[PDB]
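Would you mind keeping the following structure in view while I ask a few things?
When we count neighbours, we look across all protein chains shown, and the Cβ atoms used for this are built from the backbone with ideal geometry, even at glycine. Values in this text are rule-based calculations from the coordinates and carry no lab data.
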Amino acid sequence: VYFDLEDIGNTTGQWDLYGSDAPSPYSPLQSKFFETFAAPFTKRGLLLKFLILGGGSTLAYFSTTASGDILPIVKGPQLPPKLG
Amino acid sequence: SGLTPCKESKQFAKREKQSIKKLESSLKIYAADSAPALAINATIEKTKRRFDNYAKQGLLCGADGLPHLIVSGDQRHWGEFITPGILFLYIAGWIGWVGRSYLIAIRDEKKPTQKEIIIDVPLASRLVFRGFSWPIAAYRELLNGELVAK
Amino acid sequence: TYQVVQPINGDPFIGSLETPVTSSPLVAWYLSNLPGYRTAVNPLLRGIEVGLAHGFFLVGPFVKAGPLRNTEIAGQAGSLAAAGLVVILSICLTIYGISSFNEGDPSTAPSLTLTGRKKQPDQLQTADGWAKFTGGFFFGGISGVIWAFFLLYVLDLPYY
Amino acid sequence: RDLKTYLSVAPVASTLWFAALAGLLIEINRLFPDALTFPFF
Amino acid sequence: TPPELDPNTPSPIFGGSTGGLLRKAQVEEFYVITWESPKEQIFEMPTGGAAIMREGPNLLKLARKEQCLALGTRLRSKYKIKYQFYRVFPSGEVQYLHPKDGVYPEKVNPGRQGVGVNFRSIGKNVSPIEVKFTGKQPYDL
Amino acid sequence: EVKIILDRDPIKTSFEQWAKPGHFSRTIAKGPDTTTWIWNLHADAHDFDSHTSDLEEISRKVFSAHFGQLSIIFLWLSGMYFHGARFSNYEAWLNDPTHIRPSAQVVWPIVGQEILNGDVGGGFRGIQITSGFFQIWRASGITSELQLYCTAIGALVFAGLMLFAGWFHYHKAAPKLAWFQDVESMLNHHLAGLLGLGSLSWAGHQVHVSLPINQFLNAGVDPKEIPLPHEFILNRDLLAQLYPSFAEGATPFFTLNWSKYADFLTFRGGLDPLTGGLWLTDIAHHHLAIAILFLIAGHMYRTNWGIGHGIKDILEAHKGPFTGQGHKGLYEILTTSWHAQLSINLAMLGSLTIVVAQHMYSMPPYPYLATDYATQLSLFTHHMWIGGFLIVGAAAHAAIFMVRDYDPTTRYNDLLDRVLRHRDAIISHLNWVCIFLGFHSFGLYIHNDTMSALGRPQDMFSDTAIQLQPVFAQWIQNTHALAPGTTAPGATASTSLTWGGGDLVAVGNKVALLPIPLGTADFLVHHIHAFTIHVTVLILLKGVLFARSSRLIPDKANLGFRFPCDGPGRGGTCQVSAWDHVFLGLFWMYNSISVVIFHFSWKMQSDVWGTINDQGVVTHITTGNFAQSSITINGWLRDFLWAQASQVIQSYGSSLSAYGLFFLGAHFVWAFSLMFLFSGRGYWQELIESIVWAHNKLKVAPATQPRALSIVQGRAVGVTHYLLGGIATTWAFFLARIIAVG
Amino acid sequence: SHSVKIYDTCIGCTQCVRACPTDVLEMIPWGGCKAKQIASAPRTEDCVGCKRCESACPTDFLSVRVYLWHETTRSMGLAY
Ligand code: CLA
Ligand code: CLA
Ligand code: CLA
């Protein structure tokens, strides 16, 4: 509604609309369990490496397989034109 | 000229034969005294006349059974290309020469564009027959053929 | 004389407009309570919730529409794919953060409240917080997949 | 009406010209059909 | 001469539009155009649809400037009005843009000094090769 | 106020202005300096509000123009009836409609064209027509060539009257602006007078000429033996032996107690098992309801007797919390702007033509129309294009209104407002829906193609794998089946045979109609329709809403409705104009309609049309391959295009070789359009510079300086040939296919 | 931003200044023509490059030219 140079932020609608600002609704201890067990993945960089190397090799690992399609299998191959 | 004259081509004869049988087949449904029948019999007579002329005018034929044209300049086939062509260049030259006679007549005048969208038919009719002797454009070429400014 | 449709926050020269789907008390309450908007909570904390919900949910589509089941015994293995997608996603988030925010920098969210209550500094949106959020998103994502899968083993649900 | 003559000789001059040409060409063909060559020399 | 300054002046009556300011205004720049109206009148908004001018001084904030001139130009003709527009920035500094030199740009003013004028007019510029490798450009000369 | 007839005396009539090209415009009446002048002359010829600013003059121009249009339509109808009299086998077709091909154009024997006069039956040589006129004429009880000849004269006379009226109402007695604006009047008349009396009138010819004569034709009596229509009016005995209700006069109507008239009027519904067309007894009855309905409807609006409605009153009283004072001021806008009216009318008339096509195929109205697949495929496709074009035209004039007539200070609306005040919300959402529809319709196909090619048929979206059964349309379909007797007790048979279930109708050895199946194949194509339609809507609505202003161009309205751009600045602003949105929308309408008529052609041949013998065995034209092969793009390329295009590419030497010529001919002009669409006038103008040099050299350079086409015209030329080429190709392809196979 | 130049070929008609949508040009005193004025591009930072100026010049060859250069937010005509 307003317009003051004093407060441009407010002038140009920089409002944290749907922001809560409320205290944490999460039960403690639960938070602390998650705060100590998910801590290694919060460092960045290292998470990036853990996901690349980890995701890469984990993917490689499923290299091994059976009922994917590794079986041309006992089927008499055609010739099938002038031949070859 | 690896071809054989049409007069003595079997394939050329097979085409005339096959074509006439196709038109005659249609002849059956219409009975005799009839409009379509007369129309089809007229196409048949027009068909025979066509093939007859091609053979008559010594046109070679290809293994396909269709005439082919010689444009090399060979004297036996000027009818095939050269004779009609000269005829063309005469007319083309005529049209162009008359068209250029009009623009020059129009150029030094009032609003020149006015007579380019609305034709001066008296002037055009005056200039149309000048194309008859358009190859005396050559004698304009000895002097005022084309502009010197460019 | 009463119109329902009004300019945003009373300012007609700013982008948005106010409609029942934007500024309803139900919509406001619901959106203010999502984990994302709890500005005052640990980013890491907020994330895990998003991961858990999202993870859990992703198992369904992969398993049911997957090449492996569709009458093919592979079954619940799909869930494993879902566990793969939360890895891809985590990667993206980590990237978004790294690129966006710098270490030294401060938050970029908006400090003014809708009502002008300058009183509020906020969020993750900092290199430190975002890393926490993604890091928590992952943990939650994997755990979400696992528990859905865990339910799959026990079975009983009508769809699968 | 001078003016009517003026409507004419516009692009109606093209159609009157080409219609005459088309007619002439058609009659020639009706008279001399299927000509692939000039055989008079 | 010094430019006018502002600002606490009211803004026109409008209902809200989607063409309004965005994040760019918050973090890059935004513009303000101001004018004096003799009557309370209705005008077409560049961003939106229709707004009501308020009699007396009027203030409007628009993004992009061109929007400012488009509206302002409309203000000059249509109705007779005198307008001015400034560039806001986000810190709070403001910058007077138009007119900027007393008078409008169409009208020649003595205060003004030329910028970017080449006295060797024509397309007498040199071939690109001539400046090749010289940071220069042919027109810049 | 009181409504009356208002006119003015003579306002000039001379050939003087014929002699002056571009007289209507002050800019262009000075003559040409460049060749651009010529194109502008034809492009601004019908832009009346661009000629003058007086609303009275513009209104008088468009009024006589409509007379000119009607004159042509009457002259056009005069020819079709004439050709059905001199150059047709209608009398032959009238005896054996199920075997003889309808033809109404003979070709002169010059240059070899006589081959196009093929075996159409009845001992007649000509071109098979797909207009459908034979089935109209038989339905009207038209027996001889004399009657078609009389109608030819009648239409020609009317054509003269229409043409005379236009001159009379522009040059002699020109209606005043107040006269045109009496909309409460006009709607009353067009509702009651044109539509009510019009439908009433035709209900009469049917129950005196059509119904009596058609019964004779169906009994099997020779058409030449059947008494003339006027023998039914004079001697009521003839019209009493059949339809005995005529024994009484106005009773029972006058004494009410309706009716013993159930004899020649009924709610039977379905299809005549002998003619394959809708029961004439139902159609006559249908026009009876339509007459009265429109006669009733023609008394809503108040005129000169205080009873009725002020449209201005109705609108203003329709305002809600969500919309403001909206609807207020719409009456003044719609009575002041021609473009505003034309946009609504095009949108609605265009939409009507589309429902006509879908209604005439599924409920065959004329006798022996259903089993003439050549006509039905043509009629459906024809109306789809006509409707399709008119809708795009609505967008153009909606945009023109925004640019030219829109004024908030004078004629505010509030409803039109607000829309402009959140135009980004509408376009951004319509943007999203299209992307969702694209993926969820077309993406399913690409999925199907890839799975099939990888040899995974069970991983496809099909009836035999992952099914997408369109259950909502199926449930409805079933509901119309159980409609007669249950829901509508008065209805004896179903509304359409596509809802029949276990009912089939055949005429000759060919199938007229049967219940049309719906499966996953039908699901996919309909979302493709839903997809293509939205994108067309997106392009056109974006053009209208952002016609005046934009974050990119604050003052776009000043640049006009039809301008090339605003330069390469701001990254480039080509095709920002509303005109260019219509131009872009044209291609997408083409895209949408083309897949619609392909949806029709394949579905009918595959699941509906075909041969039936007297054992019940039905053999469809393409043999029911729609369900398993239309669900794949390769399937459309192979089993539809490649397979069915064989007739048109094997038509040389046949009577259908003209279609073979138009097939290639249309491919040509289509590709030709791409030269204009992929290039710019900058190149062409420079090329013309070198060519102009050569003419100057030989002193043959024209005063009218040659110029390359304008940026806009280059687009106009391009989309015109793209449309002509593409549409004409399918035309030649369709007709050759359906005439040879059908 | 874009580059815009003027040339002594200018006749002081002033049309471009009237044509510009972003107030880039203006007129300044000069003595090379009867109008005694010449265009100037003192604010090329606000130019968009639509060339409405060029489209309005009557000199045989444009006396005002716009050479599209490095792109900025201002030149890209972005309201966001
Ligand atoms: C017969 C005598 C006659 C004469 C001398 C005039 C003379 C005039 N008329 Mg009138 N007019 C007439 C009959 C006549 N008109 C009739 C019968 C109608 C009813 C349709 C009209 C309706 C009419 C309107 C609405 C207007 C005029 C106007 C004018 C003036 C403009 C001159 C002009 O360029 O016209 C045009 C010359 C032409 C040759 C146009 C031909 C258009 C025809 C109908 C095309 C037919 C369609 C065609 C078959 C499409 C197929 C194309 C395809 C084959 C390629 C001029 C004084 C205009 C005016 O007042 O100036 C501002 C004006 O607005 N006339
Ligand atoms: C009720 C129908 C209707 C009416 C009365 C109008 C009327 C008008 N239109 Mg609209 N329009 C319509 C439908 C209609 N239109 C539809 C359905 C579309 C979608 C395509 C459009 C799209 C459209 C655009 C984009 C524009 C108009 C414009 C105009 C105005 C001037 C047009 C002009 O001068 O004619 C001139 C006529 C020609 C130049 C004829 C050109 C020939 C066409 C392009 C090809 C025809 C080929 C033919 C079908 C088959 C090929 C035969 C060939 C081989 C000989 C005029 C008010 C213009 C305007 O600015 O409004 C003020 C404008 O730019 N219209
Ligand atoms: C065949 C060529 C073609 C294609 C594929 C498109 C596609 C599209 N058009 Mg364009 N259009 C075309 C020709 C084409 N058009 C031509 C010739 C013109 C000139 C008139 C236009 C004019 C035009 C306009 C004016 C508009 C469009 C719009 C659109 C979009 C509609 C929304 C949508 O469906 O989202 C879905 C996208 C698709 C269906 C594309 C296929 C996606 C594949 C099948 C799946 C993805 C593949 C894979 C998973 C990706 C990863 C691969 C990896 C290796 C990179 C869509 C992207 C509208 C728009 O912008 O959208 C709102 C818009 O307004 N078109």
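Which one of these does A:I52 not meet: (1) part of a loop (DSSP other than H, G, I, E, B); (2) within 12 Å of chain C (Cβ to nearest Cβ)?
Condition (1) is where A:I52 drops out.
Restricting the search to region F:561-582, which residues are of a type outside the set (S, T, N, Q) and either within 16 Å of ligand 3 (Cβ to nearest atom) or more than 14 Å from chain G (Cβ to nearest Cβ) (or both)?
Scanning region F:561-582 gives F:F561, F:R562, F:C565, F:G572, F:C574, F:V576, F:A578, F:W579, F:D580, F:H581, F:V582.
Of the numbered conditions (1) in a helix (DSSP H, G or I); (2) over 18 Å from C:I88 (Cα atoms); (3) not aromatic (F, W, Y), A:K82 satisfies every one except a single condition; which is it?
Answer for A:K82: the failing condition is (1).
Taking C:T115, is it closer than 30 Å to A:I8 by Cα, free of Cβ contacts under 8 Å to residues at least 12 places away in the same chain and β-branched (V, I, T)?
yes
Among the residues of region A:7-31, count how many are surrounded by 14 or more Cβ atoms within 10 Å (Cβ to Cβ) and either more than 7 Å from chain C (Cβ to nearest Cβ) or not hydroxyl-bearing (S, T, Y) (or both).
13
Let me ask something else about it. Please specify each residue of region F:113-145 satisfying the condition of being under 23 Å from the mean Cα position of the chain (by Cα), over 17 Å from F:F82 (Cβ atoms) and in a helix (DSSP H, G or I).
Within region F:113-145, F:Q135, F:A139 qualify.
Is it the case, given these coordinates, that E:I42 is more than 9 Å from chain G (Cβ to nearest Cβ), free of Cβ contacts under 8 Å to residues at least 40 places away in the same chain and among the β-branched types (V, I, T)?
yes
Out of E:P105, E:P110, E:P99, I need the residue that is within 7 Å of chain G (Cβ to nearest Cβ), closer than 30 Å to E:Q41 by Cβ and not small (G, A, S). Which one?
Answer to the check: E:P105.
Moving on to the next point. Could you go through region F:96-105 and let me know if any residue there is among the acidic types (D, E), more than 13 Å from ligand 1 (Cβ to nearest atom), more than 30 Å from F:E689 (Cα to Cα) and touching a helix residue (DSSP H, G or I) at 6+ places or on another chain (Cβ under 8 Å).
Within region F:96-105, none of the residues are among the acidic types (D, E), more than 13 Å from ligand 1 (Cβ to nearest atom), more than 30 Å from F:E689 (Cα to Cα) and touching a helix residue (DSSP H, G or I) at 6+ places or on another chain (Cβ under 8 Å).
Could you list, in sequence order, all residues of region F:414-442 that are more than 9 Å from ligand 3 (Cβ to nearest atom), in contact with a helix residue (DSSP H, G or I) (Cβ under 6 Å, 6 or more places away or on another chain) and of a type in the set (G, A, S)?
none
Looking at (1) within 16 Å of ligand 2 (Cβ to nearest atom); (2) in contact with a helix residue (DSSP H, G or I) (Cβ under 6 Å, 6 or more places away or on another chain), which is the one condition that is false for F:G660?
Here F:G660 clears every test but (1).
Tell me which residues, restricted to region F:88-132, are in contact with a strand residue (DSSP E or B) (Cβ under 9 Å, 6 or more places away or on another chain), of a type outside the set (S, T, N, Q) and surrounded by fewer than 16 Cβ atoms within 10 Å (Cβ to Cβ).
Residue satisfying the conditions is F:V107 alone.
Tell me the helices (runs of 4 or more DSSP H) entirely within region F:218-311 that contain at least 3 residues that are aromatic (F, W, Y) and farther than 30 Å from F:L504 by Cβ.
Ranges flagged: none.
Just one of F:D372, F:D463 is closer than 23 Å to F:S630 by Cα, touching a helix residue (DSSP H, G or I) at 6+ places or on another chain (Cβ under 8 Å) and among the charged types (D, E, K, R); which is it?
Testing whether each residue is closer than 23 Å to F:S630 by Cα, touching a helix residue (DSSP H, G or I) at 6+ places or on another chain (Cβ under 8 Å) and among the charged types (D, E, K, R) leaves just F:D463.
The conditions are (1) buried (at least 20 other Cβ atoms within 10 Å of the Cβ); (2) within 14 Å of another protein chain (Cβ to nearest Cβ), and F:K697 fails exactly one of them. Which is it?
Only one criterion is unmet by F:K697, namely (1).
Output the residues belonging to region F:454-489 that are in contact (Cβ under 8 Å) with a residue 40 or more places away in the chain and over 33 Å from the mean Cα position of the chain (by Cα).
F:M460, F:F461, F:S462, F:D463, F:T464, F:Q467
What do you reckon, is F:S550 away from ligand 2 (no atom under 11 Å from the Cβ) and among the polar types (S, T, N, Q)?
yes
Separate question: Taking A:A60, is it part of a loop (DSSP other than H, G, I, E, B) and not β-branched (V, I, T)?
no
Return a yes/no flag: does region F:99-109 have any residue that is more than 16 Å from ligand 2 (Cβ to nearest atom) and small (G, A, S).
Within region F:99-109, one or more residues are more than 16 Å from ligand 2 (Cβ to nearest atom) and small (G, A, S).
For region F:244-269, name all the residues that are within 30 Å of F:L514 (Cα to Cα) and either out of contact with any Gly (no Cβ under 8 Å at 6 or more places or on another chain) or surrounded by fewer than 16 Cβ atoms within 10 Å (Cβ to Cβ) (or both).
F:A262, F:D263, F:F264, F:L265, F:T266, F:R268, F:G269
Give region F:15-33 a look and list any residue that's away from ligand 2 (no atom under 16 Å from the Cβ) and exposed (fewer than 13 other Cβ atoms within 10 Å of the Cβ), or say none.
F:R26, F:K30
Identify all residues within region G:13-38 that are facing another protein chain (nearest Cβ under 8 Å), closer than 13 Å to E:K107 by Cβ and outside any helix (DSSP H, G or I); write none if there are none.
Matches in region G:13-38: G:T14, G:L25, G:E26, G:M27, G:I28, G:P29, G:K36, G:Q37.
Can you tell me how many residues in region F:563-583 are closer than 12 Å to F:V712 by Cα and surrounded by fewer than 20 Cβ atoms within 10 Å (Cβ to Cβ)?
4
Would you confirm whether or not region F:349-371 contains a residue that is within 11 Å of ligand 2 (Cβ to nearest atom), of a type in the set (A, V, I, L, M) and assigned to a helix (DSSP H, G or I)?
Checked region F:349-371: at least one residue is within 11 Å of ligand 2 (Cβ to nearest atom), of a type in the set (A, V, I, L, M) and assigned to a helix (DSSP H, G or I).
Let me ask another. From F:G196, F:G166, grab the single residue that is within 16 Å of ligand 1 (Cβ to nearest atom), in contact with a helix residue (DSSP H, G or I) (Cβ under 7 Å, 6 or more places away or on another chain) and more than 14 Å from chain D (Cβ to nearest Cβ).
Only one candidate qualifies: F:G166.
Taking G:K51 as meeting all but one of (1) in a loop (DSSP other than H, G, I, E, B); (2) facing chain E (nearest Cβ under 10 Å), write down the number of the exception.
The single condition G:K51 does not satisfy is (2).
Got a sec? Which of F:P470, F:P457 is surrounded by fewer than 17 Cβ atoms within 10 Å (Cβ to Cβ) and more than 16 Å from ligand 1 (Cβ to nearest atom)?
F:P457
On to the next question. Yes or no: F:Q647 crowded, with 19+ Cβ neighbours inside 10 Å and part of a helix (DSSP H, G or I)?
Against the criterion (crowded, with 19+ Cβ neighbours inside 10 Å and part of a helix (DSSP H, G or I)), F:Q647 qualifies.
Can you tell me which residue in region F:9-52 is farthest from ligand 3 (Cβ to nearest atom), limited to those that are among the charged types (D, E, K, R), under 37 Å from the mean Cα position of the chain (by Cα) and more than 14 Å from chain D (Cβ to nearest Cβ)?
Ranking the qualifying residues of region F:9-52, first place goes to F:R26.
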